[PDB]
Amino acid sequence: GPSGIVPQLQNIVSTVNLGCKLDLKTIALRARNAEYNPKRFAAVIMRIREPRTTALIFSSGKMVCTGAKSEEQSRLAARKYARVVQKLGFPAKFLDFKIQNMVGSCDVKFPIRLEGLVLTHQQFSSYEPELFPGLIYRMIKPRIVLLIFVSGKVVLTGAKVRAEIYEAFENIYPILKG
């Protein structure tokens, strides 16, 4: 039944509303871990060491948290950025936290004939070796995008919950095997 292979989560993208307008000039100047160039990009780029993540803080009070390895780590990191903003004098709240994207990876430990997969599963496969070495597999159930490499290494992305990464990998494994 199961492959015995568990995809490892490599990246989580989450969003949260701090529920108040923010002065990014103030945040940039008074935080240590902030980067702000409004002429280049309209948001503050903030980093914390644990969980090792990056946040994009917008003047609207909305925030994007990237880089966490678990949904719990993404929430703890998002709460820490919210606490940094609060200490900077803003009445920040922690509203509508939501995981938006999850990236997983694994190795099936056998080589994959991408040129063969693009023939049997043409309607889901996009294999362009003139642009990229991996086959782009757009699974419909669950709606996950997989990057399949000749080495057997697989990248899974577009998931909202952990189970969608696992479901897509369990679906692709027999297709890749035989």
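Just count from 1 along the sequence shown to find any residue number.
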Query raised in the report: Quick one: higher average CA temperature factor, 122-130 or 35-43?
Result: 35-43
Query raised in the report: Comparing 55-63 with 145-153, which has the greater mean CA B-factor as deposited?
Result: 55-63
Requested in this report: Have a look at 112, 140, 135, 27 and flag the one whose Cα has the highest B-factor in the entry.
Outcome: 27
Report task. Would you mind ranking residue 86 by its C-alpha B-factor against the rest of the chain and naming the third, lowest, middle or highest? Result -> highest
Query raised in the report: Against its chain's modelled residues, does residue 10's Cα B factor rank lowest, middle or highest third?
Result: lowest
Query - Record-listed C-alpha B factor of residue 103: chain third - result: lowest
Query - CA B-factor placement of residue 165, once the chain's modelled residues are sorted into thirds - result: lowest
